[PDB]
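Listed next as structure tokens: two forms of one protein chain, kept apart as structure 1 and structure 2.
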Structure 1
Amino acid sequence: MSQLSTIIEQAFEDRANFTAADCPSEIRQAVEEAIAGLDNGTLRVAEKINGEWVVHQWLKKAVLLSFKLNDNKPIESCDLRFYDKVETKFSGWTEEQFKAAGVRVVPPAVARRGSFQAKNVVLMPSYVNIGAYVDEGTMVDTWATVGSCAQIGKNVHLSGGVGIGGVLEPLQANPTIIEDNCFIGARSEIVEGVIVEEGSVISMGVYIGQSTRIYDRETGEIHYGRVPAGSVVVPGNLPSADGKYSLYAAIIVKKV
């Protein structure tokens, strides 16, 4: 026997009749124990039983009651704790070190130690993983990611939400490379060691890994792994031979 489910079920049906202030402590204690059990994994909102996923509605009700029963409170940075084996790049950097490096680090942007950012780089809130190199004058916009070992050239614009995929393995593969003077538009993804050559304009919504067809609409040639210099690329599709569907492709629409 466990009374948690029944107590939470009853309180949720009764929820219009109490508030956070006058909540009886047994309901309050039951909600806490439900939250603690969700937190240590001894309870879970849904689980697979006899081959089928089953939802436990009373645990959803516990989550909802925990919102009802707790007021907003100040939360400080000290309440965030982490645990990892790679140091962050700027811990214990002085103001002199920051000024000498010439990089703007907009909170809450983080770079890992073992990555490099040249002078006049701006890191909006974003992530730069270990082994990456970001050259002079480059803008890394909000929630962008410069993945492990990626090489970002000079005067590059990585727009918001852009992901530059990391490459460690295989050891012989080139990392993902964005050459000088490229524009990568919002929520685009360049991964798996693809190279975008110099002076290209990649619009928003463009996904390119090693399997993406890069269709030059002027020549008809399908390229892989490399955007030729000066390409303007937008998202598109290529038709199937039967005409019943089409598949995503990156379309080179002009060469500038």
Structure 2
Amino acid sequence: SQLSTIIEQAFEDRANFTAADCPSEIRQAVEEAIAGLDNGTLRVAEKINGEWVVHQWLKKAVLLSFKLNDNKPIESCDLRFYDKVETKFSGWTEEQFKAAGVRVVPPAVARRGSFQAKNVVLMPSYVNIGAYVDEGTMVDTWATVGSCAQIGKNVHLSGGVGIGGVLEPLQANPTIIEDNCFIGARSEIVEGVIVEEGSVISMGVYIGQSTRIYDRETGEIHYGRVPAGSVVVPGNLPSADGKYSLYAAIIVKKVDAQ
């Protein structure tokens, strides 16, 4: 609340600071908020009484962190980069890596301001700022955890899986993968879609806000949400004339914990 209030008020008067002219009270709080997102003590969105709630002042902190830091050079011995977001693990000691319990397989990179819990294995992949990856989740090769995405415990994002980042609109739920979910390879969950815990997404399943998700047992079509324990494979739905088919996600069976 005391830190939260300084962030929100700084965001209201944000057309008055640059990376050069900004009072150090505001830099300290934004730096304080990024640090909290980075070690998981803060999170962009959490589940309160079964509903995911977005904490906008942390999205505002992330935006302010862009406003107040210019691009600086980032140097590999022969490769160079240029960005305003530090990488998460730069300058980390060996004692720090051991303590976090996260395996960062080269060339994996996470942005500072994202959280990975103990026993997360980052294969070559990318985790963007504001994301939270919970204990025991495997991020496989060339997978992407987008900004502010919330990934549950013991989640498997198979290779080439993209979890779409949602930063703006400030009122928007980020993309959420709940506990014990398997996302098959080359799949893409974007635009704030929620996959409820225990689901099994086959390979090649693309789910956005416009993506129709057909329940082949009920015939009902819902959007933006994969119900818990769904087994979702890619398919198509025919048109009225049967001259073409449009893409759809098909729920083919349902399974509780046991």
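Residues are numbered by position in structure 1's sequence, first residue being 1. Residues that one form lacks are left out of the comparison. We call the rigid core the largest set of C-alpha positions that still match within 1.5 Å between the two forms.
Look at 25, 48, 77, 170: the residue sitting at the hinge between structure 1 and structure 2, where one rigid part turns on the other, is 77.
When the larger part is held fixed by a C-alpha superposition, the smaller rigid part turns by 121° between structure 1 and structure 2. The rigid core superposition between structure 1 and structure 2 gives a CA shift for residue 110 of 0.2 Å. Overlaying the rigid core between structure 1 and structure 2 leaves the Cα of residue 70 displaced by 39.9 angstrom.
After superposition on the rigid core, the sole stretch of at least three consecutive residues with Cα shifts of 2 Å or more between structure 1 and structure 2 is 2-77.
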